């Protein structure tokens, strides 16, 4: 298991309030320092804010008037709220631990969550269709929205070697498509968290 898990809605419309959580799996949040960072698609890393071991909460200059960062020790979750979102807020959002307890430091973030993808777009979520790529063998996850990519595993985590999960393609329809292949001498596990759709497809000749 991973220690830091970010959670969020995936696709949101503009002007909405974005609510993200960062759950710590096995440790109390008392004295636990956390930092929020975001990364727009294809861009660099950007500091949002953080909480020190004394619960002191720091905000970047751009976020100080649109973001609220807080802690819920009874639920073991840090919370981030971003008001009046626009397309400029589309990014992968990460929480990361500073082991020294600092609330406004970027030089020693030694443990990261895997990030939660957020896309701000004025259109409704669409779950994908999963088709088998029958003989190497694969799965085609087609016609989903928003950009936030589906996740795909094989044999519920067993098949990891020779597996190539490709970047999604933006089709002419504006919907997204992704392909995952595996080289072999079978079930693909697709999760579209924005639609909370989980499909396990058996690929056979």
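Positions refer to the first chain, counted from 1.
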Could you bin the unmodelled part of the deposited chain lying between residue 185 and residue 186 as none, 1 to 3, 4 to 9, or 10 or more?
4 to 9
Neighbours in the displayed sequence, residue 135 and residue 136 may still hide a gap; how many deposited residues lack coordinates there, none, 1 to 3, 4 to 9, or 10 or more?
10 or more
So 82 to 90 or 124 to 132, which one's hotter by mean CA B-factor in the entry?
124 to 132
With reference to the PDB entry, specify whether the mean Cα temperature factor is higher for 64 to 72 or for 160 to 168.
160 to 168
Looking at 155, 173, 177, 56, which one carries the largest C-alpha B-factor according to the PDB entry?
155
Top Cα B-factor in this entry, restricted to 39, 151, 52, 28, sits on 151
For residue 17, the third of its chain by CA B-factor is the middle
Chain thirds of CA B-factor: placement of residue 34:
lowest
Looking at the entry's B-factor column for C-alpha atoms only, identify whether residue 48 ranks in the lowest, middle or highest third of its chain.
lowest
